[PDB]
Structures are given as C-alpha cells and as structure tokens.
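# Topology and contacts: notes
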Amino acid sequence: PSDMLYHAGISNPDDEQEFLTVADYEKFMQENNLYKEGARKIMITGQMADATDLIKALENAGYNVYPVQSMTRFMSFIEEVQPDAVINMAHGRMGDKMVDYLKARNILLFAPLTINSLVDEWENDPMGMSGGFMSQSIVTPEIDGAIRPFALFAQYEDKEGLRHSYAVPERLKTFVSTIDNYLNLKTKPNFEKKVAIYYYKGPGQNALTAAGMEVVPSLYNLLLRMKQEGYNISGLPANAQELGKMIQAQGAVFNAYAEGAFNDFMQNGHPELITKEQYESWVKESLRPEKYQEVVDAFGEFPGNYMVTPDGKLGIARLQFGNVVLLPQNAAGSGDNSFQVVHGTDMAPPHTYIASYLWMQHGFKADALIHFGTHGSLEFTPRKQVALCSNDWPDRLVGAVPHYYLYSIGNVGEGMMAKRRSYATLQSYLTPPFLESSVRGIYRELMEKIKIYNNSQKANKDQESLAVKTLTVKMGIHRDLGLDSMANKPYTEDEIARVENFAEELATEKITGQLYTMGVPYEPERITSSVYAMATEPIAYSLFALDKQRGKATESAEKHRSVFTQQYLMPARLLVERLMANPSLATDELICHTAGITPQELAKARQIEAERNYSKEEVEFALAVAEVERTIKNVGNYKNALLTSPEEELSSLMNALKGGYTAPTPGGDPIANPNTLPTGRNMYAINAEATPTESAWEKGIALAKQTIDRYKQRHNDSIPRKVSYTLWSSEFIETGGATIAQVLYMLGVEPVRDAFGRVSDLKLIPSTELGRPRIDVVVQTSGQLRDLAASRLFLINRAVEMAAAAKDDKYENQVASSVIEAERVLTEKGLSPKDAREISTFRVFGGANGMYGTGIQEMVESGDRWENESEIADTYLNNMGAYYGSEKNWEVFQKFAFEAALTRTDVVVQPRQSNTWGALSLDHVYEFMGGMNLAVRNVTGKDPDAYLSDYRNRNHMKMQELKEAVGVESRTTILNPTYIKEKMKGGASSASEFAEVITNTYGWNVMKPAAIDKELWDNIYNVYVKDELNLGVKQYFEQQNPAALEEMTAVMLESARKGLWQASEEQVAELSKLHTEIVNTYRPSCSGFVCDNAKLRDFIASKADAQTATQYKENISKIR
Ligand code: NA
Ligand code: NA
C-alpha cells in the first residue's frame, strides 16, 4: 500500500503490520496495551530511514505514536488524528496546506537528518553535506517552518557485509529529551519557568550593541511585558537608566591585561562562584574527554587565570530578577597577540565560556535560552559546517534547551549559521527609519551656475565653465571626482556633466535616523518619510523603462540626473502623497492613465504574469506593468504594517515562549523587499542548486560590460589582464548569484540548464561572439558563503580549467598566459615541476583552518605592534591562503599558492546590497577589500583600481568608484547637520556609531592611503573638536557616553602619530588637552587604543602639561 499506518509486530518485531484506517490502528493499540488515556499524541511521517527505535523510545517516554506512510495524501490522517507535534524525515517540501494547518492549530514541526555512511566516516568529514542532498534535507524544509536539524540516523555493517540503517544510541536520548522539553512549555505555569538571556557588551565601560537597536530600553520593555504576562520577576528598577546603571555595576566584561579592573570587580560585583567539583561533574556529564584535554592543553587546569578567587573558584557575572537571568557573552578565543594562524590546530574556548554555558544548563536549570540582538559568536566555533556531531562545540554547549534568537531583517545571510549550527529559532525585528539628507540648500548656487551654463547659446562657452570650475574647486568636489584644479583651463562638457550628476546624487540620498526601540513605533513624520522612501523609486524607474520601450525622447533624461528628477521623480512623489492621503483611489483606471496603456493591454500583461507564475519585449513590458500595479496598490498596507509591527513582535515572542508556532518569512530590508512586513517571523533562504538564475545572468553581463568600459575609459582604451572578486552570502541570497554570473562572463563561459531549471554543466562561448580577449579571474570567499554554496566554487574552478585550454581564438587568450606566468613563478620558488604544474591552476581561496574571517582587524588596530605594511601583507597572505576549489583538495594549504595567483591583477571588485551600511560604517568592508588591495599592491608593485557593485536599487544596478562613494558617504552623514541632530536624540548605542566610523576611517587610511585625504581629517577635527556647527556635541557625549569621545580622540591622535595625517601643532595640542581632560574627569574606558598602547600614551603625555601628564599617567596605571 502507498497510504497507510504501520507498526512493528509485537511477538515478531521482524514483520510489519499495516493498517488502512485510524480505527483499525487504535483497536490494534488497545489489544496490545499500547494506548494510554489522556496522553499526548505524536505523528511520524517519512521514508528516509528506519524509525523503530525512535517509536519505541517515544512510547517508553509516555506518548501515543502514529507512524503514517503516505507520500501525497497525508493531510487526511493529520486531520483525523489531530496530534500535538509532527516529526518528518523530510525529502523535499510539504506545501502551503501544511503551513495553514500549523498556523490554525499552533503546533510544532521537527525534522531530523540522515547520514548515508558509517559513524567513523561521518565524524571525520569536515563538510557533512553538500549539493542536492543538502538542498533536499535541510534547505527546502525550512520553507515550511521546520526546526532542530538534528543528525540522528546512520548505517552499520553486519557479518555478511550488508549496510543497515539505524539510530545512534547516544543521539536518541538527546532527541527525546529535547522533544520533552519543547512539549513541556505548554503546560507549565508561567510563574515557575526559568529563562536565560544573553547580551553583548564592550570591554570596560563601553555600551551594549546590536544591529540598529537601542538595547537597554528594549530590555526594560521586554522585562515589563514578561512581568505583565505573569512570570516571576522581582526587584525590577524604576526606569531604564537605573537598569543601565545596574548592568554596568554587575554585568561588565574585561580584557586580559586589565588585572586591577576585574580584581576590583571580584570584591564589588557579587558574582556567582563555581567550585571544582561542580565543574568536573558538569564536564563529565556533557563533554568528551579529548576536547576537554585540548582545552586543558590550551589554557591549563581549572580555574585558569581570569577572575579567580584565592580559594580556587571561578567567578561568573550575571544579573538575576526572580526567575529570569541576564548574562554577557565572554570572548571565544585567547588574546595571545599572535596574528598568524598555525595550520593544523583548532581554537578551543577558554574555561569561562564553557563554565557559563554549563552553569546555564545544569546550575540554573533554564527552561528557555534567548540571544538578544545581532549577532553573537557561539555559532562560529569549530568545527563542522552542517550535520554536527558530538565533537562540535555549538552542539554540546546548546544542549537540549529551547533556543530563541532575535535577529534583524537586513542580515538574512548570517542567520542561516545560527539556524543550522545552534538549532535556534529566529524572531525578526525592524530597522531604523529613513529620511532625506536635506543638503540641497548647501550646493544650490553651484546648481544655479551649472544651469546657467547649460542654457547658454553662445558659440564660446568658457566664462561659465570658469565660474563652475571656481565653485567646484572652492568646495573641494574636484578631489572626489579626480579632476584638476588649474587656474585658467576651463572644463569640458563631460566633466561638467559628471559634476552635475555627483551633485544631484548628493541631493537625493537617503539616511537613517534614530535607532529602533522594541515596543515603540516611529514618529508620524518618520512613518511618512519611510513610506515616501519605500514607493517613489520603483514607480519612477518603471515609468522611465515603459517610456523608453515605446520609443520616446528619453535620451536627455538618461544622460542627466536633473532632467530625470524633474520628469519622473516629482510626479511619482505627488502620486504617492495622493494615494497615502486616501487609499481608496487605487483603481484600474488610475493605473491605465498613469502607465498610459489601454485596459486590454493591462489584461494581456496580467495574463502573461499569471502564466509565468512570448517575445522578450512583451515579458519586460508585463514585468514593468506588474511592478507599477503592486507599488500603487500596497501603499496603505505598507503604512499599516509599519504602524502595527512593534506589538506583533512582542506578541509573537510571548507565543513562542508558550510553545507555539512561528510563521516563515523571507529576508531583506523594507526598501529592497516589501514582503518582509510585518515582523516577528522566521526567515529562510533560496536553493543554491538553481543559481545563477535566468534573471541574474543579464544583470551580471551588463555589470561586467560596465566594468570593462570604465577601465578602458580611465586607462587609454586598455582592457584589464586579471580581475579579483570577493564573495559574500547576503548579496548571493538576495540577488540570485549575480557576482558568479559576472565571473563566468569574464571567463567567457555560460551555464546550461536541465528540464528542472538546475545548473549542472558549462559551455564555452565562441571567441567571435565574445568580441574581446578572455580575462582571468581570482576569487576570495567568506565562511558563510562556503557554508551556503560550495558546489558553485567547483563550477567556477572547472570553468577556469575549461577556459584555459581553449585554442584557435580570434583574439588573445590571457588565461593561458596567466597560467604560464604562475607556473614560472612557482618554479623559481623551488618547487617540483609536477607540483608547480598542479598548483598553477588554483583560483579559489579562503580562510585557513576553516575560520570564518581574515583575522586582520586585530593586527591593524594594534598600532604599536607593527611598523610597515609589508608585515600586514605577509600576515594576510598567510591567513587567507587555503584552497577550496575542489572536493578532493578541500582546505589544503600550499606555500606561495596564493601569491602566484595574484600576479598581473588590475581591478578589485566588491559587492554591496544593503541600504543600512556603507563603506565607512561596516568594518568587514575594509577588512576584506583593503586587505586584498594591499596584498595586490605589495605583490605586483602597482596600486590597482577598486570598484563597487551597487545592487541597492533592484531596478537600477550600477558600478561605482571607491573614492566617489567615500566622498558621498562623508558629505551626507558625518558632516551633515541633519544627521547629527537626528542622532543626538538617542542614547549610548547611538553614540557608539561615531567612534565606529572614525575607527573604520583609520583602517581605510591604513589599507589604501590614496583614498583618504587630509581635508577629510581637517573637516572631522573642525566639526567634532571645535564645534563649528554650534550643535553642542561635547555635552551630549558627556551626558551619554564619554567612552566614545575618548576613543575618537585616541584614534585621531594615533593617526597623527603614525604619519598618516599631516596635522599641525595646534590640532595635536587641542586633541591632547581634550583627551586628558575627559580621561581625568570620567575615568578610563580601557579599550585597545586607550589602555594597551604604550607609544601612543607617551606621545599624548609629551604634548600636554607636566602636571596633567603625571595625573594622566597615574590614572592609566591604576587599571593595569
Ligand atoms: Na574593529
Ligand atoms: Na559580523
């Protein structure tokens, strides 16, 4: 039978009993005393493995089990039985009917995994799963809302030599305990549950941080909501300021060198004390001997050296209110100050990390674990990628406790690691609101001069050009665009057009305002501005495309930005305002009049759109029409969702804590994807076996052509010899694989799709069709991308090998030349000819030992531990020299392999997809891009070009230069009074952003000196040290967060000391005076720059007064 219920025989377990109706199975259970009155029911579906032991264990635990085998019509059994949970050995997806039933009934769905090998082989595999098997076992079920991808089943051999599937005995106990823990949340009273919450805090006196969120008020609101719901919370303070003071007093973390600080904390913070017996019992119960032996080898015997009493106990910092506990997250590594990774050894966490998590599991005996914000570091510990075993740290540290994780909708790429490696359930929260830059009144007279120039009918237009040039040079714009500043040499038409486009881009930039607090909606003005930002550009660009396709005079609007603003942006804004005033105007006649189409054309477009869910022009016309229709229709829904989301977040969190079901959702910020509202849902990703999709291919081709055209324009019509790429995960998920398309088109290879839409083969483009020589590529990746899509790397390497062997080309083949040069370089280094020939084709690289980052930020920000950039280049070459181009040579390190592949490199490309961060507001951007740039400059001896792929506007993707982007970001955010005044209405979390931006600016100046000017440092000094805008920022920093001001002053002084900034004596004196005054008044914060840099300390002391210097030195020496 194909649809049945099954069970194992009682007298004879070998043969199987089959039943066609639920009544027969119930009678069979009652005959054999398998039925218990009032017990909860569990249904088991699937065919991937043999589940006899699981059924027996669940029955012994005290449940009623229904094993159902039905591939298609399994909903009838579920509706007849009405279980309390569903366990699925998934192969594919179940459908929307299951999601509707789960939402209606509010029950859970689980999905364990199966391994098709022996246990010994599985425990030694560094990957676990990859490809179609991983897509069918993990990726697809997440679209239904499954949780806990736990590895349970494996295979064994008998005497004859036959493979048999079974369940590993050690995993079964943990799985059953987890099921019991999840089911007990529904019946236990709220007054008796115990909850643990984890937050992230900076060292010393720094503030709490999360991605775009104000942390302390959100925590206070959450605690108030929990107290209202009926939980046992006592001792809560009056307001959030008192909570912040208490957290600072009793919840701080310290670095290794600040012995005095935590020695003082031991006698004032009242921490939890752990003895040796408890720790040893917990370790024996939880971990394995070999991993603990590794920990002992790395750090020594218990308790270690960090926060230990003289008696021999360990101290844990926590803050407890009744049955709720708050804890900070410690460091997952060691401050050995050795920046080069040793190949062949992993990193084990110190004693404090393990002690905290084991005390949560066994000492506090928590019923629920919560991670508060984006993002922690638990899910980035070693070793395996997916399908973890008992040797992996996240699996052991999480245990069998329900796990919830608060995450932002703008960082979908990194949530998959938390979902798949720590078994967490994600809860989405919003992003900060958007507004206009309001800088149109500063660059107005320049626009008037340009307008006067454009309307001159004179044959000789030079004086107007001279006036425009004078105004441009006065404002310093010529440095951003790479123009000249000669006395009597007028500009040409193209340069003036570039200046006008730059100014218009400045005028229409969107910025973020005050940070987001849970339980508090935006201001009505911010609601209006966000709804304005979410709807204007789609309508404008779709109308422009529709006008272009019909053959209208769109050349002027495509050539100038002012014309486009005056012809397509203002009418869209007016229409959006009208629709926002009265949502009932959205009629088909309005659509047909706005798009200038007849109703029959609209019907045809709707028919085409429905069929796709014809020639190419019809398809694109229908797509534009559908975009216009959706954007017009959903304005009121946007506003309502924005107004209603904050309450839904708290309600969903409470429902999840009571053991309910959380609905799935996609990811992305509201501007890029409006389908992410309302929030409070669980995010999923795309299938990597179908990438690059049909839509991403054309965009990749266009971007590659734009890159080639720009390089030819800047270098006298010469094409590049080799191009470098960096691959990340979020843009891969949100674009469909456009960067891979760019790489493949640069090589000259195209994908081949089967009948199911999966890409599994490659084809060579003829040289005549290409119209240009082939160009070689080199690629670097991050850990998240390697986890998400590993087969695409194999495709890329295979494409490189295929293109290197193409002969009889009309144009030159540069891939073969690159291979020959790499082989020669390897030969001159002292390698065997066979090894050199084998290695001369490696082109995909990543972090050593499988780490997720580059490890270069720690070396750059330790200014007193290096002198030249060559040391940084060597460290970067060592730390990112592993190879990930094939499965048989997965994670193999060869000396000089990375260096030989970087020869003859001309361009560096970095993707960008989010509207919330830029080049100066994210540290990973400089960490990767500037590191690659520095390595290329050190290897080849010439500084390459740097470009950014702008995906932010899904209807208009483009390519931009790095220095222009830096200029735009600097002119729009940190030197803009509107941004500063909007930020000055927050707290400490808002105040940390300035220090973060200054640190990133210092890092960029270190990596690529030519991209940072002295005038930028001068402007920052004028704004933040002299207060030329008359905003009163010093008082704001004093009343909110002095540590940020200390950090900013220290960073500027370090830049002055290293020679990167050519400051004068007065500026140095003022900075030193301010730094010493703040440190003396408000005590040191002790970050890396302030309390761990001797040369900077001496430099600061030498520039100040003698008594002030002595007081500053004695203040510094107290913490060490
Ligand atoms: Na940093
Ligand atoms: Na990060």
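Cut-offs and rules
Residues numbered from 1 in each chain as written, not as in the entry; some residues may be left out. Chains lettered and ligands numbered in written order. Heavy atoms only, no water. Helix = DSSP H or I, 4+ residues; strand = E, 2+ residues; numbered from the N terminus. Rg over C-alpha atoms; globule rule 2.2 N^0.38 Å. Buried < 20%, exposed > 50% of the residue type's maximum accessible area, 1.4 Å probe, protein only. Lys, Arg positive; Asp, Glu negative; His and termini not counted. Charge placed at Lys NZ, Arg CZ, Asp CG, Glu CD. Pairing = 2+ DSSP bridges. Contact = heavy atoms within 4.5 Å. Axes fitted to C-alpha atoms, helices over the stretch in contact; angles between N-to-C directions. Donors = N, O, S within 2.8 Å, 3.2 Å for Na, K, Ca; no water. Disulfide = S-S within 2.5 Å. Salt bridge = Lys/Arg side-chain N within 4 Å of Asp/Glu carboxyl O. Domains from an automatic or database assignment. Buried area = accessible area lost by both parts, 1.4 Å probe. 1 Å grid on protein atoms, 1.4 Å probe; cavity = no way out; pocket = protein on both sides within 12 Å on 5 of 7 lines; lining within 4 Å. Points joined across faces, edges and corners; volume = space filled by probe spheres on them. Nonpolar A, V, L, I, M, F, W, Y, C, P; charged D, E, K, R; others polar. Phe/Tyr/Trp six-rings, centres within 6.5 Å; stacked < 30°, edge-to-face > 60°. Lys NZ or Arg CZ within 6 Å of the ring centre and 35° of its normal. Expected span 1.5 Å × (residues − 1). Arc of directions from axis to C-beta. Polar contact = N/O pair within 3.5 Å; in protein donor to acceptor, adjacent residues only side chain to side chain. Patch = residues over 30% accessible without salt bridge, like charges linked within 9 Å, V, L, I, M, F, W, Y side chains within 5 Å. Areas by Shrake-Rupley, 256 points an atom, 1.4 Å probe, with all protein chains shown as cover.

### As for the overall build of the protein
Each helix and strand in the protein was counted, giving 49 helices and 31 strands. Its C-alpha atoms give the protein a radius of gyration of 31 Å, near enough to 32 Å, the size a compact globule of 1120 residues would have. When each of the 1120 residues of the protein is scored for burial, the buried share is 57%. Put simply, the protein has 116 plus and 146 minus side-chain charges, and the middle of one group is 3 Å from the middle of the other.

### Some points on the sheet that holds strand β8 (residues 151-157)
Strands sit in the order β7-β8-β9 across an open sheet of three strands; the sheet is mixed. The sheet terminates laterally at β7 (113-114) and β9 (163-167), the two strands that pair on one side only. Here five bridges tie β8 to β9, and the two strands are oriented antiparallel to one another. Looking across to β9, one finds that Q155 is bridged to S165. Relative to the sheet, helix α7 (residues 169-184) contacts β8 and β9, its axis offset from that of β8 by approximately 160°.

### Re the coordination of the sodium ion (ligand 2)
Coordination of the sodium ion (ligand 2) by the protein involves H375 (NE2) and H924 (NE2), with metal-donor separations of 2.5 to 2.8 Å. Given the relative accessible area of 31%, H375 is considered partly exposed. Taking the relative accessible area as the measure of exposure, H924 reaches 32% and is therefore partly exposed.

### Side note on the state of the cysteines
A covalent bond between the sulfur atoms of two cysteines is what we call a disulfide. If you walk through the whole model with that rule in mind, you get one disulfide. Between the sulfur atoms of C1086 and its disulfide mate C1091 the distance is 2.0 Å. Across the disulfide from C1086 to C1091, rotation about the S-S bond amounts to roughly -80°, and the bridge is consequently left-handed. For the pair shown, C1086 and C1091 are each scored as buried.

### Topic: the pattern of salt bridges
Following the criterion strictly, the structure yields 63 salt bridges and no others. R937 is the partner of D943 in a salt bridge, and the nearest nitrogen-oxygen pair spans 2.9 Å. For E1054, the salt bridge identified is with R1057, shortest N-O distance 3.0 Å. Within this pair, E1054 and its partner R1057 are both found in helix α45 (residues 1042-1058), separated by three residues, close to a single helical turn.

### Observations concerning the pairing of β8
Along a regular strand, successive side chains alternate from one face of the sheet to the other. Counting buried positions over the seven residues of β8 gives five, a clear majority of the element. Connecting the antiparallel pair β8 and β9 is a turn made up of five residues, with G161 showing a positive phi of about 115°.

### Here we look at the domain arrangement of the protein
Each assigned domain of the protein is listed with its residue range as follows: domain 1 (3-184), domain 2 (190-434), domain 3 (440-508), domain 4 (534-633), domain 5 (703-962) and domain 6 (976-1117). Relative placement of domain 2 and domain 5: their C-alpha centres are 37 Å apart. Listed per partner, the contact involves 21 residues of domain 2 and 24 residues of domain 5. Considering only the side of domain 2, the residues that lose the most area to domain 5 are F339, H343 and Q385, jointly responsible for 31% of the buried surface there. The interface formed by domain 2 and domain 5 holds one salt bridge in total.

### Here's the deal with empty space enclosed by the protein
Size it by volume and the largest cavity reaches roughly 170 Å³. Taken together, 21 residues form the lining of the largest cavity, with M134, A688, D787, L788 and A789 sitting closest to its centre. Contributions of two or more residues to the lining of the largest cavity are made by α6 (132-139), α29 (730-735) and α32 (783-788). Looking at the lining of the largest cavity residue by residue, the classes come out as 11 nonpolar, six polar and four charged. When we break the lining of the largest cavity down by domain, the ones giving at least three residues each are domain 1 (3-184) and domain 5 (703-962).

### Remarks on the coordination of the sodium ion (ligand 1)
The sodium ion (ligand 1) binds to the protein through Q857 (OE1) and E861 (OE); the donor distances cover 2.4 to 2.9 Å. Residue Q857 is classed as buried on the basis of its relative accessible area, which comes to 13%.

### Points about the packing of aromatic side chains
Tallied over the entire structure, the rule returns 32 aromatic pairs. Judged by centre distance (6.5 Å) and plane angle (85°), the ring pair of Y516 and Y522 falls under edge-to-face. Pair check on accessibility: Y516 and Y522 agree, each one buried. Between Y884 and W890, the aromatic rings sit 5.0 Å apart at their centres with planes inclined by 75°, giving edge-to-face as the arrangement. Using a relative accessible area of 1% as the deciding quantity, one classes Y884 as buried. Here the aromatic residues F19, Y25, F28 and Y66 are joined through ring pairs into a cluster of three or more. Stacked on the ring of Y884, the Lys or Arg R786 has its end atom at 4.4 Å from the ring centre.

### Considering α7
The end-to-end C-alpha distance of α7 is 23 Å, a good match for the 22 Å that 16 residues give at a rise of 1.5 Å each. Residues of α7 that are buried: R171, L172, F175, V176, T178, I179, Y182 and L183. On an axial view of α7, the arc spanned by its buried residues comes to 160°, and they lie on one face. Counted as exposed and oriented over 90 degrees from the buried face of α7: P169 and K173.

### Examining the side chain of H351
Here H351 is to be found in helix α13 (residues 351-363). The class for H351 is buried, based on a relative accessible area of 3%. Here the side chain of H351 touches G300 through a polar contact of 2.9 Å, landing on its backbone oxygen. Ignoring anything within four residues of it in the chain, the contact list for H351 reads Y279, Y292, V295, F299, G300, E301, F302, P303 and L314.

### Some remarks on unusual backbone geometry
In this chain, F302 is followed by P303 through a cis amide linkage whose omega measures 0°. Along the chain, the position of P303 falls in the loop between α12 (289-299) and β12 (314-316). In this model, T691 is joined to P692 through a cis peptide bond whose omega is 0°. Turning to its location among the elements, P692 is positioned in the loop between β21 (682-683) and α28 (694-714). Backbone geometry places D717, a non-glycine residue, at a positive phi of 60°. Within the fold, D717 resides in the loop between α28 and β22 (722-727). According to the relative accessible area criterion, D717 is exposed, its value standing at 62%.

### Observations regarding the environment of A656
Mapped onto the fold, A656 is located in helix α27 (residues 635-657). For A656, a relative accessible area of 2% corresponds to the buried category. Residues contacting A656, with those up to four places away along its chain left out, are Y404, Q427 and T662.

### Notes on the sheet that holds strand β1 (residues 3-8)
The six strands are arranged β2-β1-β4-β3-β5-β6 in an open sheet whose pairing can be described as mixed. Because the sheet does not close on itself, it has two edges, and the strands there are β2 (16-19) and β6 (108-110). For this sheet the average axis-to-axis angle between neighbouring strands, irrespective of direction, equals 30°. Across three bridges, β1 lies against strand β4 (residues 64-70) in antiparallel orientation.

### Here we look at a negative patch on the surface
A contiguous patch of negative charge on the surface is contributed by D14, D15, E16, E18, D50 and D53. With respect to the element layout, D50 can be found in the loop between β3 (41-46) and α2 (52-61).

### What about the layout of surface pockets?
In this model, the second largest pocket occupies a volume close to 1,100 Å³. Taken together, 42 residues make up the lining of the second largest pocket; nearest its centre are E214, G987, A988, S989 and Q1040. Going through the elements one at a time, α8 (215-229), α9 (240-250), α42 (988-1007), α44 (1033-1040) and α45 are the ones with two or more residues in the lining of the second largest pocket. The element best represented in the lining of the second largest pocket is α9, accounting for six residues. Tallied by class, the residues present in the lining of the second largest pocket amount to 18 nonpolar, 14 polar and 10 charged. Of the residues that make up the lining of the second largest pocket, three or more belong to each of domain 2 (190-434) and domain 6 (976-1117).

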